[PDB]
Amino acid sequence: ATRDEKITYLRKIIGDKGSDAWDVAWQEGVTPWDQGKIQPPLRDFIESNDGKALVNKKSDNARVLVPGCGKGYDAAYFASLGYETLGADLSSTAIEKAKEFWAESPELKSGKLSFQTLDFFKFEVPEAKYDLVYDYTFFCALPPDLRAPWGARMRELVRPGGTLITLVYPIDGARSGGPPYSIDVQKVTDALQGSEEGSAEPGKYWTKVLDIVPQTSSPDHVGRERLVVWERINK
């Protein structure tokens, strides 16, 4: 079937089954988002001077979370940098296929990399929280009414002074419907900064330290993508 057809179906079964539709999609092989590798802006950020700084300052027990990790390319990448890394996905099928795709990873073998079937909204945040979290094609997978809970979870998941990286894609403008929902930095901002009763005036919970157009985007991502680095505050 075509990509449009696979997306049309995906949106059907989400309409009928809700969040259970994802493991169905994985079981049936309707995974049109799967690229087989990380997106280049992630590696370029990490190898950039800002990224080297972030990695060099990592504590000896620094922990990474990649929610909605799918086949887990991003989690495998962060583990290969020496971070103890958990890739979390709602679909047990996705998590099994991530264990297959990464079966030869030295970090999987050692346990430094770990894949687990987990609901991002429900699992128990560890006491130490996470030093670094990476969100790619997860915020844009969620229905719009789940964006505020996503930001609330994000605020609990990242330790004070820790970092959240959002590869914001797809920035398609006013197109309606999803997945993949058309998003932008403002939508990520509003979700992450939440509200303070009276208003949502930013600088409450995060500092947006970096917001760039990546220089190396996949060709179908050019013009629809921004990379954003957030630091958690209110220590």
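Quick note: we count residues from 1 along the sequence shown, nothing fancier.
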- Counting only other entries that model residues on either side of residue 200, is it left out in at least a third? yes
- Query: What stretch has the higher average Cα B-factor here, 193-201 or 173-181?
  - Reply: 193-201
- Query: Comparing 164-172 with 50-58, which stretch shows the greater average C-alpha B-factor in the deposited entry?
  - Reply: 50-58
- Message: Could you place residue 79 in the lowest, middle or highest third of its chain by Cα temperature factor, using the values in the record?
- Response: middle
- Taking the chain's C-alpha temperature factors as the reference, tell me which third residue 125 falls into: lowest, middle or highest. highest
- Chain third (lowest, middle, highest) by recorded CA B-factor, residue given as residue 25: lowest
- Relative to the other modelled residues in the chain, which third contains the C-alpha temperature factor of residue 14: lowest, middle or highest? highest
- Thinking about Cα B factors across the chain, which third does residue 143 belong to? middle
